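The structure under discussion appears below in the form of structure tokens.
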Amino acid sequence: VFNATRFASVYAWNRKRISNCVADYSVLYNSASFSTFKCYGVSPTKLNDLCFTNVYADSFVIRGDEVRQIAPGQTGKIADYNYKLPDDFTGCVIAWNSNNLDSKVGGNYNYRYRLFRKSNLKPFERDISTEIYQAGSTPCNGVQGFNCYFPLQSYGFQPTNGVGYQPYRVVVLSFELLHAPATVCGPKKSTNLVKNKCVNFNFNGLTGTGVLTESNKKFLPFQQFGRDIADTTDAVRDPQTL
Amino acid sequence: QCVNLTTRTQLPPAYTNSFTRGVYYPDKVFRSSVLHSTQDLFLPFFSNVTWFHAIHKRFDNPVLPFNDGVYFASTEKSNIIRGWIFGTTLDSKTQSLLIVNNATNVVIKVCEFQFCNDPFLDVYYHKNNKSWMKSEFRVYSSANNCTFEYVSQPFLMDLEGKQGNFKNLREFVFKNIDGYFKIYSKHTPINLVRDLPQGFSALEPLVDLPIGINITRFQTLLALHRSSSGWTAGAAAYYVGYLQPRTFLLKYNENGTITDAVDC
């Protein structure tokens, strides 16, 4: 999603649902493939330790002067008329310089933005409506004219544009933890196994201290761990190997 | 979609007796040479179940309440059971679940489904070149707003019809706990006339779906064939039961499998 060639238009911004998988943000953090990486409320190390129900990746391209306009609880051309971050947004924001890629000679019109709207959009809101913006009291009749403006507009992305006008790929990761079972989780790093020694072992969601030795017991394919007459765990099955 | 089968005949829900049926492995805990006591949703022993069947002048696809959980058992030959429909309103107004087997993979999706009055799958033109291939899909007209999708590993299902005793037996358990759908499956051959055979079997975990939706009702999908209200059904019988919070004594053998159960 971050390395994809082209995105949807900002007002059209693509909502990419990431669900039921592992999410490792330490690679992207250390990949050095981004120009700037800034998180709000949660560090990338914490994300690898948490499970989220739905992870929505908001991808789109904007001009440099418009990058500073994306923060929780702010205003601007991107915030009001396109996409706004809620005050409780816990996610991260990452950007990179695409001027050598997403910019074309004479301007790139594939990307467009909403310059005008009769009101301000709420956070996590997307409006593709083409309805003409009516500034005055004269009915616009669905067309541009006096006190009437066409709200949809195109970017001027060109390889020669200034830093402020150069296209940047902005991926806003929206993290929403709901009452439903958490699907997306971060990577949990396993360590090496040691046997025939006294150690403190943590296997999946179970912990304990004792000596681990290979036994002759056989668990059914679906049985991860056994218990004793006292309902104490006398044995376990390696989560990784069998 | 809105058309109902002409051959389908309404009949009263005859009841039959179940022996030990409804026992399953509660959890993943291994235990051997011990006797464990646990309480969970079970089918009481010597209880009464419902008797449904499908044949070329009586066909049964009624709506049944899910409640907390239910027990399903079917004696199959051509594997006439095509899946199940799970949903609250059984319409696009809410999110509905469809567990279906296309003979290739097991498709499980949670979407907004357009409900058909009498969903099924037809199969046409057997004669020579036995065919047995799905053609018409009456399960749903359209789907959208999908929050879940799952597909099992490829497999080859034999839909060819058989004669004599029923060669296939599928006993499943369906329940919802803390937004987690639990499915327990068992398959063993039997020699049966009617009702249910007397014996013990322990169901094993099949899949775990963290869907987290409410199911107040369900249907049983069936396959129809003819050589869409004029289709016919093959001879088959399936069963349904309601689970209750009963305590059983699960006797574990040296290998870890349950030898027998005792209803408190």
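Letters A, B, ... mark the chains of the structure tokens in the order given; residue numbers begin at 1 per chain; ligand numbers begin at 1, in order shown.
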
- Message: Select, as a VMD selection string, those residues of chain B with any atom no more than 10 Å from chain A (distances computed using only C-alpha atoms).
- Response: chain B and resid 25 27 to 36 147 to 149 178 to 180 204 to 206 209 to 213 254 to 257

- strand (DSSP E or B) call set, DSSP backbone run, stretch 53-245 of chain B, as JSON, numbers by chain: {"B": [53, 54, 59, 64, 65, 69, 70, 71, 72, 73, 74, 75, 76, 81, 82, 83, 84, 85, 86, 87, 96, 97, 98, 99, 100, 101, 106, 107, 108, 109, 110, 111, 112, 113, 114, 115, 121, 122, 123, 124, 137, 140, 141, 142, 143, 144, 145, 146, 147, 148, 149, 150, 151, 168, 169, 170, 171, 172, 173, 174, 175, 176, 177, 180, 181, 182, 183, 184, 185, 186, 203, 204, 205, 206, 207, 208, 209, 217, 218, 219, 220, 221, 222, 223, 224, 225, 226, 232, 233, 236, 237, 238, 239, 240, 241, 242, 244, 245]}

- Which one of B:183, B:192, B:121, B:99 sits closest to residue B:208 if you count only C-alpha atoms?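 Closest candidate: B:183.
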
- Message: When you look at stretch 224-237 of chain B with a cut-off of 10 Å (counting only C-alpha atoms), what residues show up, excluding the ones that are within fewer than 3 positions of it in the same chain? I need them as a ChimeraX atom specification.
- Response: /B:1,3-8,51-60,73-81,118,120-127,132-134,136,138,161,163,166,194-195,221

- For atom CA of residue B:39 and atom CA of residue B:248, quote the distance in Å rounded to one decimal.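 Going from atom CA of residue B:39 over to atom CA of residue B:248 covers 6.6 Å.
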
- Message: Please return, as number ranges by chain, all residues of stretch 61-141 of chain A that DSSP assigns to helix (DSSP H, G or I) on the basis of the backbone.
- Response: A: 64-69, 77-81

- Task: Grab the atom CA of residue B:89 to atom CA of residue B:174 distance for me, in Å with one decimal place.
- Result: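 Calculated distance between atom CA of residue B:89 and atom CA of residue B:174 is 18.2 Å.
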
- Item | Pick from A:24, A:52, A:121, A:127, whichever lies nearest to residue A:75 using only C-alpha atoms | A:121

- Can you work out the spacing between atom CA of residue A:10 and atom CA of residue A:113 in Å, to one decimal?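 Pair atom CA of residue A:10 / atom CA of residue A:113 returns 5.6 Å.
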
List the spatial neighbours of stretch 157-159 of chain A as a compact mmCIF listing (two decimals) with C-alpha atoms, in the first residue's frame - criterion: any atom at most 9 Å away, only C-alpha atoms, same-chain residues fewer than 6 positions off excluded.
```
# COMPACT_ATOMS: atom_id res chain seq x y z
CA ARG A 63 1.28 18.79 -1.95
CA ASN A 99 8.08 13.76 -7.15
CA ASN A 100 10.19 11.42 -9.30
CA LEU A 101 7.21 9.04 -9.68
CA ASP A 102 3.71 10.49 -9.23
CA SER A 103 4.52 13.76 -11.06
CA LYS A 104 4.19 14.13 -14.83
CA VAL A 105 5.35 16.73 -17.33
CA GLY A 106 2.82 19.52 -17.76
CA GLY A 107 0.96 18.45 -14.62
CA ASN A 108 -0.62 15.19 -13.43
CA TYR A 109 -4.43 15.30 -13.53
CA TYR A 111 -5.11 13.01 -8.78
CA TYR A 165 4.13 21.69 -4.39
CA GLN A 166 5.94 18.37 -4.88
CA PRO A 167 3.71 15.29 -4.53
```

- Spatial neighbours of residue A:39, max dist 10 Å, only C-alpha atoms, sep filter under 5 positions, as a PyMOL selection string: chain A and resi 44+71+89-94+172-173

- Query: Pick from B:143, B:119, B:92, B:82: nearest to residue B:157, with only C-alpha atoms counted?
  - Reply: B:82

- Task: Give the answer as one residue: which of B:48, B:191, B:220, B:253 has the shortest atom-to-atom distance to residue B:17, using only C-alpha atoms?
- Result: B:48

- Message: Show me, as a list in words, the residues that have an atom within 10 Å of residue A:51 when counting only C-alpha atoms, minus same-chain residues fewer than 6 positions from it.
- Response: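 So, after excluding close chain neighbours, the residues are residues 22, 23, 175, 176, 177, 181, 182, 183, 184, 185, 186 and 187 of chain A.
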
- Rank B:239, B:45, B:155, B:218 by their smallest atom-to-atom distance to residue B:106, using only C-alpha atoms, and report the top residue only.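 Residue with the minimum atom-to-atom distance to residue B:106: B:155.
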
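Minimum atom-to-atom distance to residue B:187, evaluated using only C-alpha atoms, belongs to B:169 out of B:249, B:202, B:169, B:258.
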